[PDB]
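Q: My questions all concern the structure below.
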Amino acid sequence: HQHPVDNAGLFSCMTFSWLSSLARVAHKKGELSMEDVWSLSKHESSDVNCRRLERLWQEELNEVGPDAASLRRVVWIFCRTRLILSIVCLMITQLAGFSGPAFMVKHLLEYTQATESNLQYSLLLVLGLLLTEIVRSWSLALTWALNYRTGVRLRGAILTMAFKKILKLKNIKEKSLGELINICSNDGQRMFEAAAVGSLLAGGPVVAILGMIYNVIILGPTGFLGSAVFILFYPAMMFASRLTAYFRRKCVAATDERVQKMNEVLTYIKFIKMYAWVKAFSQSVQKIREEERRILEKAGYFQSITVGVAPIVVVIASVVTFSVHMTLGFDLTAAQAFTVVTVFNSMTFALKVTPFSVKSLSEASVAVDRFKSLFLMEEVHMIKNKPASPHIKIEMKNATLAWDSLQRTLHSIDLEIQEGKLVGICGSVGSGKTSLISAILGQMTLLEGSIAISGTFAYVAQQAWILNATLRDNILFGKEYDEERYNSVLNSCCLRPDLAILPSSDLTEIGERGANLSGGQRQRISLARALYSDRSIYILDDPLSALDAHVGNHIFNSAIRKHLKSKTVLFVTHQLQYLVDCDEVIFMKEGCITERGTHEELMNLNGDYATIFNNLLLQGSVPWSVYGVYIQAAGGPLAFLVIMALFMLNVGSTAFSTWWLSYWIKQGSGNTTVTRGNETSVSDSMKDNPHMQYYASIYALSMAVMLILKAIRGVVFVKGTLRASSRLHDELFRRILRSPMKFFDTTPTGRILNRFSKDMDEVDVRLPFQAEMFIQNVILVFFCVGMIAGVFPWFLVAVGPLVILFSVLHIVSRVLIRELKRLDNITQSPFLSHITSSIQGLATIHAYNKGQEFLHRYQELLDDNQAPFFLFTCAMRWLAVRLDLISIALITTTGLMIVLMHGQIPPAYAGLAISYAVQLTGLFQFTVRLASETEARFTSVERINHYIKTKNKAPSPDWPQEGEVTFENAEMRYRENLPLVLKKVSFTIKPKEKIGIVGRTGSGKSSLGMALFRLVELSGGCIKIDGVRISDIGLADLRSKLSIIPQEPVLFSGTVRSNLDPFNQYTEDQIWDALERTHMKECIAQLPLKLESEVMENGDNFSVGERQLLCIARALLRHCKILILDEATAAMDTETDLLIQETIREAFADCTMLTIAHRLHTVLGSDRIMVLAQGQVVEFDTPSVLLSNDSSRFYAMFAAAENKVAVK
């Protein structure tokens, strides 16, 4: 039966032994492939379960009605038959995992206390213990198998129904926030988890109740205190979890703000370095980091108070019960005490899994509510009426429709067209053509009139849908491939030029791409698809919205007039050009019919259409270096030693408390003789000993000591790990990524913004948690083995082969698990891609007929994703069962060891060995899983560490005054692999002289500005300012003088005062004087807080002119002797332009002025004009002389610019 699951018997299904061959193949080969994973096993396909659920829901709706219908009843009825069997198996395992400690151990200890010699009794008891262990383990395996299969079935069915519903929506208004995910995406994983890890809820209370009753039976009124301890304990941990969640949410808000600021200042680095403004941003980031650190610290304390639930509770309950029981006058023995302790050690198993069940159930309930909210919407309704006459295609007779908002836009619409007729519709903006287009497709609701439609539609929207596939099939849209049709379509739409542009051929994709395409080409492929589809009636809505006249004419005369001569065409557009050739024109205005007839008749009528026409014509290897780096960053070996010492001290304290309990009992009476009864005798009772308060005092002291040590350990570990994480990344990374050069160009800025947002989370939140859990588990295992082997020295024989077996099995398990995970991870993505591409643009999908193709593709991709999930879960259960077998063997060995030696060991030590052997169950799986999880988190540190690893000449400040600018053959190159931009450039500028820069783009205009600031080192020559070489002056000293106004005005978040002067080097009087000169003082004065008013990002509070005026203000604040102006007139109005020229000439008239712009009039008034071409200086003369020379290129450019106005 194909899949092996359907052929296995009961024994193979109970042990998961049908998966064994895959492990052997994975070991032999090295990696797996999708060719031999498996297929799907039937009984889990989408169609069968979808039909079943649909039938159930329809029956429910018919039975009750759409007011009180519930999805919970339907889901329960769907999953009713198997949950009962799962519950029965769980009850059997919980009942059989308690009969061991309560009945088997007590009889064994009581036998040890007796004075006989038998082997049959002890052998029978050993047999009983082993059999109970086996039964418990195998029952648990069966429960898990059943639950996994049921969950997979339910998830598939619900997801397929959810995506089936969406394709028939006629009120699409919710954004792609619910539809894309919460209905057909990972939202079904919650419904899977509710049946996989949900349920299992009646597992804790039952065993807890049974244990409480048994304890009261054994001891009684003094045995009635363990219940009190447990009840008073657990709600405290609930409260601690709530507080941790609250603090975590607040920290999330703060770090979101920090990363927002980091993104804001990551790409302005030229602006920052041009003024040497690196001080402020460091301060701001440091403050935000401090606040985040404090909140994280508090959350860490409250989260770490929790991880020690079980042994602490056991010790507390035992101490209280036994102390109160003894300090009243009573009797105790080894059997009772150690039976009670062993029972206390088995109550705390299902209380390790109840909370996950509760939270999973809550999430599932919310998801079901959302699904039921979706399932009630308006369906589709397609018109099936046929025209009375065969010559009629569309029919309209006094039909009125209202758009559902119900808003009327159409009123008494009547028209009639026939096959082979071209009809054009004209109207203004908002006339109501779109309402008619929406009504003819049947989307609009019907209120009055009759509708008749025959034919097939071909719809071209004003926007291209663009489908994630190859060009050939995208044009094909699921049609048979041909040759003459294909080339006729290409020639008709003149797509051949575009084919040569494509790198490879017409086989690439039109998805995200790297070059995208133009709107006109998208329109061209849209009409290509439409006219290749070969439908009956064509609906064309303004396909030529943004095209040139020529291509419109060729497209028209090639396709519309020839191909669709006999095909009905409906044309809706605003332009009145092609309407000459149309055989019918209908004018729509104010939702009523105005004109009807041919074009010539329309001109004959001479109505509003004539007026409008006239107006228009007018891998994960992770070597040890990572661990070494983390340890070195944490502080050194001393921190490691301190933390390990504290862990060992805590666990040793717990072990000492239990040992003292064992040591008190052995000292029976103390060779004390009493005269009770009628004759003297030596008592054997523990109460008779005169010294009893000693031992109770030492008990209380032990409890207090253990509590104090646990608190100290938690605090110290949290603080140390937080310091280790906070130093490395931020301190040694932000200080380095603020002084590279050119590194910012040949590297995307979207992958340096990352590693500041995700890696910080991975290093701050999860690593300490996982490390703490792992270390605690390992140390506990070591202590348990040592404590057992201390009493019986021969126990260190059955530990060797078990270690060898564990080492053999672990590697195979790890390889199989990794390989199975990778396949699911790789195969996830096309599912999501198809879902997104289908959700975007439902109109065209519903336009022709296509629903079945998309549904089939969805189902196929669903199954291909589903299979490896099931395989992965089965592998995990396989490993768990093997480890359980090892533990059972160890327990049986120690029990037999106790039995075989009798009469030479006191009963108390035998009880202690038994009490410590039971604790070993269910630890190895936890240890292995936690080791893998904490290994997977040590990858971020590697990337961060990799990215981290990869004079004098101070003269007097006489720079001002005679500020001469001289160039002597300056050469520079942007990169070492590119041609030199500047080639022997030399010029001298006199002080207080105005110079303009003109030339074509790419000829080296920006090179002068880049090299004047020494941002890129020159390759030859030298530049001297005021007789001082710029190479001998420090970068900080040189940049503090010159100023440049950028072509685009940018502003940062904060107050106006910070945006004007962050260094607080100026008082208010100069700021007001500067603001008054640019006539913006009144605007700031009108602000309620003036200079304290808050400024949003990008300066959205102000208009463009205000931003530019603020830029000139901050330029005027510095009072520089040398100024560079760079294209201040990009898209700014003429009034503001004359304003800025007036302000510049009134303010910058006492300093050297250099201008680089595309407007000749800006540099017309300059003393001299510079012309550059191909990196060489061409012309250097006054404007009067340059204009007088015809051969000058500047004069030719001026004539060409002037001809654009005089001629036109």
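Each chain in the structure tokens gets a letter, A, B, ..., in the order shown, and its residues are numbered from 1; ligands are numbered from 1 in order too.
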Skipping near chain neighbours, those fewer than 6 positions away, what residues fall within 12 Å of segment 803-805 of chain A using only C-alpha atoms, listed as a short mmCIF file (atom, residue, chain, number, x, y, z; two decimals) with N, CA and C atoms, in the first residue's frame?
A:
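Listing of around-v4.cif after writing:
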```cif
data_model
loop_
_atom_site.label_atom_id
_atom_site.label_comp_id
_atom_site.auth_asym_id
_atom_site.auth_seq_id
_atom_site.Cartn_x
_atom_site.Cartn_y
_atom_site.Cartn_z
N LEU A 796 29.73 0.92 39.12
CA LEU A 796 30.49 1.52 38.02
C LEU A 796 30.99 0.43 37.08
N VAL A 797 30.07 -0.45 36.70
CA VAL A 797 30.30 -1.47 35.69
C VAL A 797 29.27 -1.39 34.57
N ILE A 811 24.74 10.36 17.13
CA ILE A 811 25.17 10.93 15.85
C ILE A 811 24.16 10.64 14.74
N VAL A 812 23.68 9.39 14.67
CA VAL A 812 22.69 9.03 13.67
C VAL A 812 21.42 9.85 13.85
N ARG A 882 14.10 5.31 22.23
CA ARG A 882 15.37 4.62 22.50
C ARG A 882 15.97 5.06 23.85
N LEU A 883 15.98 6.37 24.09
CA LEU A 883 16.57 6.84 25.35
C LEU A 883 15.80 6.32 26.57
N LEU A 885 14.39 3.50 26.84
CA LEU A 885 14.84 2.12 27.09
C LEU A 885 16.12 2.09 27.92
N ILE A 886 17.08 2.97 27.59
CA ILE A 886 18.32 2.99 28.38
C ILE A 886 18.02 3.26 29.86
N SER A 887 17.17 4.25 30.13
CA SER A 887 16.88 4.58 31.53
C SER A 887 16.26 3.41 32.28
N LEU A 890 18.86 0.95 33.44
CA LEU A 890 19.65 1.39 34.60
C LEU A 890 18.88 1.19 35.91
N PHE A 924 17.47 12.56 29.68
CA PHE A 924 18.41 12.50 28.57
C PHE A 924 17.85 13.19 27.32
#
```
Q: For residue 1117 of chain A, work out the shell of residues within 9 Å, counting only C-alpha atoms and skipping chain neighbours fewer than 5 positions away, then give it as a list in words.
A: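 Here the qualifying residues turn out to be residues 1060, 1061, 1066, 1070, 1071, 1074 and 1112 of chain A.
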Q: Please produce a file of the residues just selected, as a tab-separated table (two decimals), in the first residue's frame, where the atoms kept are C-alpha atoms.
A:
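Everything below was put into part.tsv:
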```
chain	number	residue	atom	x	y	z
A	1060	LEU	CA	20.23	74.65	14.02
A	1061	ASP	CA	23.07	74.23	16.56
A	1066	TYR	CA	26.07	80.34	19.95
A	1070	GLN	CA	22.80	85.66	16.78
A	1071	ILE	CA	20.20	82.98	16.03
A	1074	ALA	CA	20.26	85.12	11.32
A	1112	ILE	CA	20.52	79.00	4.19
```
Q: Please identify the alpha helix (DSSP H) residues within segment 876-1100 of chain A (assignment by DSSP from backbone atoms) and present them as a CSV table (one decimal) with C-alpha atoms, in the first residue's frame.
A:
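Okay, this is what ended up in out_25.csv:
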```
chain,number,residue,atom,x,y,z
A,876,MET,CA,11.8,12.9,17.1
A,877,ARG,CA,9.6,10.3,18.8
A,878,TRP,CA,11.9,7.5,17.5
A,879,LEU,CA,14.9,9.0,19.4
A,880,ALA,CA,12.9,9.5,22.6
A,881,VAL,CA,11.8,5.9,22.8
A,882,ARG,CA,15.4,4.6,22.5
A,883,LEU,CA,16.6,6.8,25.4
A,884,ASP,CA,13.7,5.7,27.6
A,885,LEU,CA,14.8,2.1,27.1
A,886,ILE,CA,18.3,3.0,28.4
A,887,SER,CA,16.9,4.6,31.5
A,888,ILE,CA,14.7,1.5,32.3
A,889,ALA,CA,17.7,-0.7,32.1
A,890,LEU,CA,19.6,1.4,34.6
A,891,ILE,CA,16.8,1.4,37.1
A,892,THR,CA,16.4,-2.4,36.9
A,893,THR,CA,20.1,-2.9,37.5
A,894,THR,CA,20.2,-0.8,40.7
A,895,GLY,CA,17.1,-2.6,42.1
A,896,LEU,CA,18.7,-6.0,41.6
A,897,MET,CA,21.9,-4.7,43.2
A,898,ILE,CA,19.9,-3.7,46.3
A,899,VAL,CA,18.2,-7.1,46.4
A,900,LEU,CA,21.3,-9.3,46.0
A,907,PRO,CA,17.8,0.0,55.4
A,908,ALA,CA,18.2,3.8,55.3
A,909,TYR,CA,21.0,3.7,52.7
A,910,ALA,CA,19.1,1.3,50.5
A,911,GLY,CA,16.1,3.7,50.7
A,912,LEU,CA,18.4,6.6,49.7
A,913,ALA,CA,19.8,4.7,46.7
A,914,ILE,CA,16.2,3.8,45.5
A,915,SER,CA,15.1,7.4,46.0
A,916,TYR,CA,17.9,8.7,43.8
A,917,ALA,CA,17.5,6.1,41.1
A,918,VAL,CA,13.9,7.0,40.2
A,924,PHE,CA,18.4,12.5,28.6
A,925,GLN,CA,16.0,13.7,25.9
A,926,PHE,CA,15.7,17.1,27.5
A,927,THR,CA,19.5,17.3,27.7
A,928,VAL,CA,20.0,16.4,24.0
A,929,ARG,CA,17.3,18.8,22.8
A,930,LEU,CA,18.6,21.7,24.9
A,931,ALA,CA,22.1,21.1,23.7
A,932,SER,CA,21.1,21.3,20.1
A,933,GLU,CA,18.9,24.4,20.7
A,934,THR,CA,21.7,26.3,22.5
A,935,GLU,CA,24.1,25.3,19.7
A,936,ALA,CA,21.9,26.8,17.1
A,940,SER,CA,25.2,35.6,15.4
A,941,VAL,CA,28.3,36.0,17.5
A,942,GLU,CA,30.3,34.6,14.6
A,943,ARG,CA,29.0,37.1,12.1
A,944,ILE,CA,29.4,40.0,14.4
A,945,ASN,CA,33.0,39.0,15.2
A,946,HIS,CA,33.8,38.5,11.5
A,947,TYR,CA,32.4,42.0,10.7
A,948,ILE,CA,34.4,43.5,13.6
A,949,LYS,CA,37.7,41.8,12.4
A,1005,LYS,CA,31.5,68.9,-12.0
A,1006,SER,CA,31.1,67.0,-8.7
A,1007,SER,CA,34.8,66.0,-8.6
A,1008,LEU,CA,35.9,69.5,-7.6
A,1009,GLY,CA,33.4,69.5,-4.7
A,1010,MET,CA,34.4,66.0,-3.6
A,1011,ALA,CA,38.1,66.8,-3.8
A,1012,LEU,CA,37.9,70.2,-2.2
A,1035,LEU,CA,41.1,66.9,8.5
A,1036,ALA,CA,39.2,68.3,11.5
A,1037,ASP,CA,40.9,71.8,11.2
A,1038,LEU,CA,40.2,72.1,7.4
A,1039,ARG,CA,36.5,71.0,7.4
A,1056,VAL,CA,14.6,73.3,16.0
A,1057,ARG,CA,17.4,74.3,18.3
A,1058,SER,CA,19.2,70.9,17.8
A,1059,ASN,CA,18.7,71.2,14.0
A,1060,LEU,CA,20.2,74.7,14.0
A,1068,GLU,CA,20.0,83.4,21.1
A,1069,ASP,CA,20.8,86.9,19.8
A,1070,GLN,CA,22.8,85.7,16.8
A,1071,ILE,CA,20.2,83.0,16.0
A,1072,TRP,CA,17.4,85.6,16.0
A,1073,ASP,CA,19.6,87.9,13.8
A,1074,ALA,CA,20.3,85.1,11.3
A,1075,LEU,CA,16.6,84.1,11.2
A,1076,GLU,CA,15.5,87.7,10.6
A,1077,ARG,CA,17.8,88.1,7.6
A,1081,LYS,CA,11.6,85.0,12.2
A,1082,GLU,CA,7.8,85.6,12.2
A,1083,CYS,CA,7.1,81.9,11.4
A,1084,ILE,CA,9.1,80.7,14.4
A,1085,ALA,CA,7.7,83.4,16.6
A,1086,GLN,CA,4.2,82.2,15.8
```
Q: Identify, on the basis of only C-alpha atoms, every residue whose closest approach to segment 522-537 of chain A does not exceed 7 Å; exclude the query and any residue fewer than 5 positions from it along the same chain; express the result as JSON, numbers by chain.
A: {"A": [455, 456, 457, 458, 460, 464, 475, 476, 489, 493, 543, 567, 568, 569]}
Q: Could you save those same residues with N, CA and C atoms as a PDB file, in the first residue's frame?
A:
```pdb
ATOM      1  N   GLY A 455     -21.219  35.740 -24.600  1.00  0.00           N
ATOM      2  CA  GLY A 455     -19.855  35.869 -25.069  1.00  0.00           C
ATOM      3  C   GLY A 455     -18.855  35.679 -23.947  1.00  0.00           C
ATOM      4  N   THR A 456     -17.583  35.847 -24.294  1.00  0.00           N
ATOM      5  CA  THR A 456     -16.479  35.708 -23.357  1.00  0.00           C
ATOM      6  C   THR A 456     -15.707  37.018 -23.271  1.00  0.00           C
ATOM      7  N   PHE A 457     -15.354  37.412 -22.052  1.00  0.00           N
ATOM      8  CA  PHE A 457     -14.753  38.711 -21.784  1.00  0.00           C
ATOM      9  C   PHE A 457     -13.234  38.619 -21.785  1.00  0.00           C
ATOM     10  N   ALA A 458     -12.586  39.706 -22.200  1.00  0.00           N
ATOM     11  CA  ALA A 458     -11.132  39.850 -22.143  1.00  0.00           C
ATOM     12  C   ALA A 458     -10.850  41.239 -21.583  1.00  0.00           C
ATOM     13  N   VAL A 460      -8.704  44.319 -19.765  1.00  0.00           N
ATOM     14  CA  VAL A 460      -7.419  44.993 -19.619  1.00  0.00           C
ATOM     15  C   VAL A 460      -7.600  46.157 -18.658  1.00  0.00           C
ATOM     16  N   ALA A 464      -1.068  46.861 -14.703  1.00  0.00           N
ATOM     17  CA  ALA A 464      -0.644  45.525 -15.097  1.00  0.00           C
ATOM     18  C   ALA A 464      -0.541  44.632 -13.869  1.00  0.00           C
ATOM     19  N   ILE A 475       2.692  35.513 -21.268  1.00  0.00           N
ATOM     20  CA  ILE A 475       1.901  35.917 -22.427  1.00  0.00           C
ATOM     21  C   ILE A 475       0.896  34.830 -22.788  1.00  0.00           C
ATOM     22  N   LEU A 476       1.292  33.562 -22.657  1.00  0.00           N
ATOM     23  CA  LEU A 476       0.395  32.461 -22.993  1.00  0.00           C
ATOM     24  C   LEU A 476      -0.807  32.406 -22.057  1.00  0.00           C
ATOM     25  N   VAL A 489       1.558  38.181 -33.038  1.00  0.00           N
ATOM     26  CA  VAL A 489       1.292  38.994 -31.855  1.00  0.00           C
ATOM     27  C   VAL A 489       2.467  39.919 -31.568  1.00  0.00           C
ATOM     28  N   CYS A 493       2.055  44.168 -31.839  1.00  0.00           N
ATOM     29  CA  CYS A 493       2.335  45.033 -30.703  1.00  0.00           C
ATOM     30  C   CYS A 493       3.757  45.579 -30.718  1.00  0.00           C
ATOM     31  N   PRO A 543      -6.069  51.670 -22.116  1.00  0.00           N
ATOM     32  CA  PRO A 543      -4.771  50.977 -22.144  1.00  0.00           C
ATOM     33  C   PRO A 543      -3.618  51.862 -22.582  1.00  0.00           C
ATOM     34  N   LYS A 567     -14.482  41.428 -34.217  1.00  0.00           N
ATOM     35  CA  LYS A 567     -14.624  41.192 -32.789  1.00  0.00           C
ATOM     36  C   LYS A 567     -15.143  42.451 -32.109  1.00  0.00           C
ATOM     37  N   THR A 568     -16.155  42.284 -31.261  1.00  0.00           N
ATOM     38  CA  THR A 568     -16.756  43.416 -30.566  1.00  0.00           C
ATOM     39  C   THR A 568     -15.745  44.023 -29.602  1.00  0.00           C
ATOM     40  N   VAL A 569     -15.570  45.340 -29.671  1.00  0.00           N
ATOM     41  CA  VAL A 569     -14.593  46.050 -28.856  1.00  0.00           C
ATOM     42  C   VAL A 569     -15.297  47.190 -28.137  1.00  0.00           C
TER      43      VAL A 569
END
```
Q: Could you produce a table of the residues of segment 768-802 of chain A lying within 12 Å of segment 639-643 of chain A, with the nearest pair of atoms per residue and their separation in Å rounded to one decimal, using only C-alpha atoms, ordered by chain and increasing residue number, as a tab-separated table?
A:
```
residue	atom	partner	partner_atom	distance
A:772	CA	A:643	CA	10.8
A:775	CA	A:643	CA	10.7
A:776	CA	A:643	CA	11.7
```
Q: Tell me which protein, DNA and RNA residues are within 10 Å of segment 149-158 of chain A, counting only C-alpha atoms, leaving out same-chain ones fewer than 4 positions away, and put them as a ChimeraX atom specification.
A: /A:43-54,75,78-79,82-83,144-145,162-164,183-184,187-197,371,859,862-863,866-867,869-870
